[PDB]
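For reference, the structure is listed below as structure tokens.
Just so we're on the same page: letters track the sequence lines, and every chain starts at 1. Values below: every heavy atom of this structure, side chains too, minus hydrogens, waters and symmetry copies.
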Amino acid sequence: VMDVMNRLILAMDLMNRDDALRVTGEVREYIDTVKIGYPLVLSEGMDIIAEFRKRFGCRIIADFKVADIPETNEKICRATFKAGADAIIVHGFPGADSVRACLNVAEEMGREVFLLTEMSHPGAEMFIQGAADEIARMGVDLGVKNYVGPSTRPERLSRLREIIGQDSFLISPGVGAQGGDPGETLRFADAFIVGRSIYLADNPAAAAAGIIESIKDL
Amino acid sequence: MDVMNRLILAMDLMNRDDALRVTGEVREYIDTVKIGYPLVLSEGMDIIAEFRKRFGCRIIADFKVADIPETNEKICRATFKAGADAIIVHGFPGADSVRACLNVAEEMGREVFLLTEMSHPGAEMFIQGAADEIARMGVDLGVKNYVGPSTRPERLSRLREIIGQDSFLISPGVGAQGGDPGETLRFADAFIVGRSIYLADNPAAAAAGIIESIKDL
Ligand SMILES: O=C1CC(=O)N([C@@H]2O[C@H](COP(=O)(O)O)[C@@H](O)[C@H]2O)C(=O)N1
Ligand SMILES: O=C1CC(=O)N([C@@H]2O[C@H](COP(=O)(O)O)[C@@H](O)[C@H]2O)C(=O)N1
């Protein structure tokens with residue numbers, strides 16, 4: 001499994017190239033794994049992945065929550081890996097064939113797929129939560145090794161860890177701005193994701209260092 | 001929305017030259033193009049403005065938006081800044097995530113299309129069972145544009161029943177996925193066609209034929 005420095009992944013959702021680059025560079029000494037999503041990619045282009053690799057010694061997770069039919073999912077994954085992404089996040093609710101399409105491209109291109117089970121926001125309770133345990137089980141049956149679960153619902157994150165087992169890799173967003181606690185989240189997740197708490201701080205480096213200090217024993 | 005020939009081209013080619021050449025070859029048959037991530041992630045968001053300058057066509061950004069509210073807002077802003085007229089959003093993530101999109105669309109004068117049930121086999125696992133409720137949620141939220149599966153006419157009909165005759169409904173899955181143009185138009189206002197056209201030896205003739213089959217519609 002990837003070695004996430006300090007078990008902390010930066011969710012770089014700033015939409016300005018200059019700001020995204022500045023903030024990421026300022027916390028570079030604390031994080032070697034950055035999650036880049038559509039807010040930044042749709043604002044600056046896929047070349048931003050390359051720019052981040054060139055400037056920082058960071059691993060890149062393309063958070064594209066892939067959720068299309070198998071055929072289109074295949075194209076999305078191919079374009080994303082061609083750009084330099086180490087892994088891609090895929091939604092599990094669209095079904096097994098859509099996930100398998102991503103796993104196939106990741107396999108052939110030598111990259112990784114992260115399967116998003118339950119989400120961290122309030123709305124996730126309407127439809128996703130009820131299908132989450134099965135989506136996770138599906139992922140296990142499909143051979144998925146990397147997963148994403150909600151830090152905002154410790155009981156749910158715990159169950160997801162049980163389903164995927166100790167060997168699977170689990171990352172969890174929702175820490176900070178959404179109310180998730182770093183320490184509690186690490187009881188089940190291999191690493192947690194943090195965006196606004198760091199990138200909106202007057203001193204991102206101090207914010208990141210502070211979060212890490214809170215979990216030094218872990 | 002007035003879709004010419006009730007046909008929406010799904011331009012999923014991943015090469016700028018081919019995408020522009022093929023779209024140009026069938027421009028006389030359409031005025032609405034669906035651009036998704038295959039083309040956008042391969043050529044950049046500037047491709048949207050390029051299409052508007054070249055064809056003046058209407059552009060629906062098929063981004064299957066499916067994140068938390070905060071991120072959904074950013075995605076919609078970046079998308080409409082690029083010139084997209086509408087954006088497609090998943091309903092599965094919940095009401096708050098959809099509302100986030102609706103707010104941005106209203107602010108920038110655009111439309112939100114709610115994807116309820118998908119056309120592929122995997123849609124039967126989790127999506128189909130929640131589809132009717134997702135559609136009802138759209139109604140409660142005031143959504144007026146929807147996306148349903150041409151591959152399951154009975155499901156497409158049910159979606160039309162829920163949203164009513166005033167709502168706008170488009171449907172993918174025609175051609176390559178097995179959907180029939182005429183049958184789909186029994187319930188949808190317009191259907192979406194990708195491969196059957198952009199992978200055809202002669203895209204223009206492919207489009208011409210499809211339109212010929214629904215001439216009476
Ligand atoms: O369930 C989920 C999945 C996810 O990826 N995310 C993403 O994780 C990040 C959370 O950022 P933040 O720390 O709340 O600012 C954003 O990029 C979200 O789009 C989330 O918040 N919830
Ligand atoms: O349920 C759905 C939703 C959707 O948008 N689509 C999209 O519609 C297009 C269908 O193209 P095609 O005619 O099968 O080649 C693709 O761009 C898909 O990503 C789909 O096929 N099924």
Item checked: salt bridge (charged side-chain N to carboxylate O under 4.0 Å, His left out) between A/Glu51 and A/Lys54, worked out -> CA-CA 5 Å; A/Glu51 188 70 3; A/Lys54 182 180 178 178; 5.4 Å; no
Check: Step by step, would you call B/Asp85 with B/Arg58 a salt bridge (charged side-chain N to carboxylate O under 4.0 Å, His left out)?
Finding: CA-CA 6 Å; B/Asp85 295 294; B/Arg58 189 178 290 99; 5.9 Å; no
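- Looking at A/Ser43, its side chain never comes within 3.5 Å of a backbone N or O of B/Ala78 through a donor-acceptor pair.
- Of the possible polar contacts, one joining the A/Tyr147 side chain to the A/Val140 backbone as a donor-acceptor pair under 3.5 Å is found.
- Although no hydrogens or angles enter the test, the distance criterion places no donor-acceptor pair under 3.5 Å between the side chain of A/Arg100 and the main chain of A/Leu142.
- To the nearest 0.5 Å, the span separating CG on A/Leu103 from CG on A/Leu115 amounts to 8.0 Å.
- If you take CD1 on B/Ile192 and CD on B/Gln177, they are separated by 10.0 Å, rounding to the nearest 0.5 Å.
- Remark: side-chain polar atoms of A/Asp63 are not paired, donor with acceptor, to backbone N or O of A/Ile89 under 3.5 angstrom.
- The shortest side-chain heavy-atom distance between B/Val143 and B/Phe113 does not fall under the 4.5 Å cut-off.
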Notebook entry, point to check: Is there a side chain to side chain contact (heavy atoms under 4.5 Å, CB included) between A/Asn16 and A/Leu14 once you walk through the steps?
Noted result: CA-CA 6 Å; A/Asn16 177 296; A/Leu14 286 176; 5.7 Å; no
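- Put simply, the side chain of A/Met46 does not reach to within 4.5 Å of the side chain of A/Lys82, judged on heavy atoms.
- Under the 3.5 Å distance criterion, the side-chain polar atoms of B/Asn5 are left unmatched by any main-chain donor or acceptor of B/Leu7.
- A/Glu125 CD to B/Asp96 CG: the interatomic distance, rounded to the nearest 0.5 Å, is 9.5 Å.
- Residues forming a ring pair (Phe, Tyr, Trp, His ring centres under 6.0 Å) with A/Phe64 (at least two apart in sequence, or on another chain): A/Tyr38.
- Closest approach of A/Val66 and A/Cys102 over heavy atoms only: CG1-SG, 4.0 Å.
- In this structure, the side chain of B/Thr116 does not engage the main chain of B/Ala135 through any donor-acceptor pair within 3.5 Å.
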Checklist line | Working for salt bridge (charged side-chain N to carboxylate O under 4.0 Å, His left out), residues A/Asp47 and A/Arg53 | finding: CA-CA 10 Å; A/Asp47 275 352; A/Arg53 287 291 300 174; over 6 Å; no
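- Nearest heavy-atom pair, A/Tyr30 versus A/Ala208, reported as atom, atom and distance to 0.1 Å: CD1-CB, 4.2 Å.
- In summary, the aromatic rings of A/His91 and B/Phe92 are positioned with their centroids too far apart to meet the 6.0 Å limit.
- No donor-acceptor pair under 3.5 Å is formed between the side chain of A/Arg28 and the backbone N or O of A/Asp32.
- Using a 4.5 Å heavy-atom threshold, the side chains of B/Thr32 and B/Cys57 count as separate.
- Side chains of B/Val26 and B/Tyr198 form no contact here, defined as non-hydrogen atoms less than 4.5 Å apart.
- Note: B/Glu111 CD to B/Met1 CE = 6.0 Å, rounded to the nearest 0.5 Å.
- Ionic pairing of B/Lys74 and B/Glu70 is not present here: no N-O contact between side-chain nitrogen and carboxylate oxygen is shorter than 4.0 angstrom.
- A distance of 10.0 Å separates CE of A/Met109 from CD1 of A/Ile88, quoted to the nearest 0.5 Å.
- For the pair A/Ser151 (side chain) and A/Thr185 (backbone), a donor-acceptor distance under 3.5 Å is absent.
- Remark: side-chain polar atoms of A/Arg196 are not paired, donor with acceptor, to backbone N or O of A/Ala177 under 3.5 angstrom.
- In this structure, the separation between OG1 on B/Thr79 and CD1 on B/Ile48 is 6.5 Å, given to the nearest 0.5 Å.
- At a threshold of 4.5 Å between non-hydrogen side-chain atoms, the residues A/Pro150 and A/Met119 do not count as touching.
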Next item on the list: Report the C-alpha distance between A/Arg17 and A/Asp19 in whole Å, list the side-chain angles of each, state the deciding distance to 0.1 Å, and finish with yes or no for salt bridge (charged side-chain N to carboxylate O under 4.0 Å, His left out).
Entry: CA-CA 6 Å; A/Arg17 200 188 195 73; A/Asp19 297 323; over 6 Å; no
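- Within the 4.5 Å cutoff, the side chain of A/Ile9 has no heavy atoms near those of the A/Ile31 side chain.
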